[PDB]
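The chain that follows stands alone, in the form deposited without the ligand, written as structure tokens.
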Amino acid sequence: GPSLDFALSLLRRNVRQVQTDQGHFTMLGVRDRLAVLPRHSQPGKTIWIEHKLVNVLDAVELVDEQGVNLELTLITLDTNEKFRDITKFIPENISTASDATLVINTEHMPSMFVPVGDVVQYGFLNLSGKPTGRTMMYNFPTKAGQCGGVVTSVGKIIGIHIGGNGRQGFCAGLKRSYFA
């Protein structure tokens, strides 16, 4: 319905399959040549995007005001093409949601929509030994959720999937100011 209508339009215009030396990831293009990935993707000086070799001009791993990892990496891509600007769909404050859909898009898991249900505030989380901040939690019973993913609700882009414990998954919450 309307939730999936938004998620589908986001996929088409803003969610891309990428590959780094760390594997296959879902990338969210935010605007212009600016995109975001889970930090564990560890993008290098070049990246594969939809089967094309793209230079990475800048890569910034985001931290909070204490320097705590947010598990998000902002990259600026060496390209002429521009992403549709979706920042107006990213909330000003990290937001929970009901009936959320996780959009995964990698070469091995293309154009995949996963209903995760309610996304709830969690906060500080030790993610595979790395203290992380500003996380949210949802049901996601897989041990292989290590490809990123875009968490959406009706007309809102609320998180980037960063991992899980085999029962629940967790996302790094998105705020509009990250992309200002």
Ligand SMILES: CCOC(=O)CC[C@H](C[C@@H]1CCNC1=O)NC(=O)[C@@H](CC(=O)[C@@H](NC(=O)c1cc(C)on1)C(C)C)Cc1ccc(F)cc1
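Heads up, when I say rigid core I mean the largest set of C-alphas that superpose within 1.5 Å between the two forms. Numbering starts at 1 and follows the sequence shown.
- Checked against the record, the higher mean CA B factor of 99-107 and 78-86 lies with 78-86.
- The stretch 122-130 shows the higher mean C-alpha B-factor when 122-130 is compared against 64-72 in the entry.
- Comparing C-alpha B-factors across 161, 24, 167, 13 in the deposited entry, the largest value falls on 13.
- Between the residues 145, 29, 117, 38, it is 117 that shows the highest Cα B-factor in the PDB record.
- In the PDB entry, residue 141 places in the middle third of its chain by CA B-factor.
- Among the modelled residues of its chain, residue 42 has a C-alpha B-factor that falls in the middle third, as given in the PDB entry.
- In the PDB entry, a CA B factor belonging to the middle third of its chain's modelled residues is recorded for residue 49.
- Residue 56: CA B factor in the highest third of modelled residues in this chain (values from the PDB entry).
- Placement of the Cα temperature factor of residue 34 within the chain: middle third of the modelled residues, per the deposited record.
Same protein, other form: the form solved in complex with the ligand, not shown, and the subject of what follows.
- Taking the pose of the ligand in the entry with it bound and superimposing the nearby C-alphas onto this chain, the site is blocked, with at least three ligand atoms within 2.4 Å of backbone or C-beta atoms.
- At the 4.5 Å threshold, heavy atoms of residue 127 reach the ligand in the entry with it bound.
- Interface membership of residue 40, defined by any non-hydrogen atom within 4.5 Å of the ligand in the entry with it bound, is confirmed.
- Contact annotation for residue 145: at least one heavy atom lies within 4.5 Å of the ligand in the entry with it bound.
- In the entry with it bound, the ligand stays beyond 4.5 Å of every heavy atom belonging to residue 48.
- Contact with the ligand in the entry with it bound, defined as any heavy atom within 4.5 Å, is confined among 29-37, 48-56, 150-158, 135-143 to 135-143.
- After superposition on the rigid core, the C-alpha displacement between the shown form and the other one reaches 2 Å or more for just one residue among 145, 133, 29, 38, namely 145.
- Relative to this form, in the entry with it bound the C-alpha atoms of residue 146 and residue 15 approach one another by 3 angstroms or more.
- The pair residue 146 and residue 130 separates in the entry with it bound: their C-alpha atoms are at least 3 Å more distant from each other than in the form depicted.
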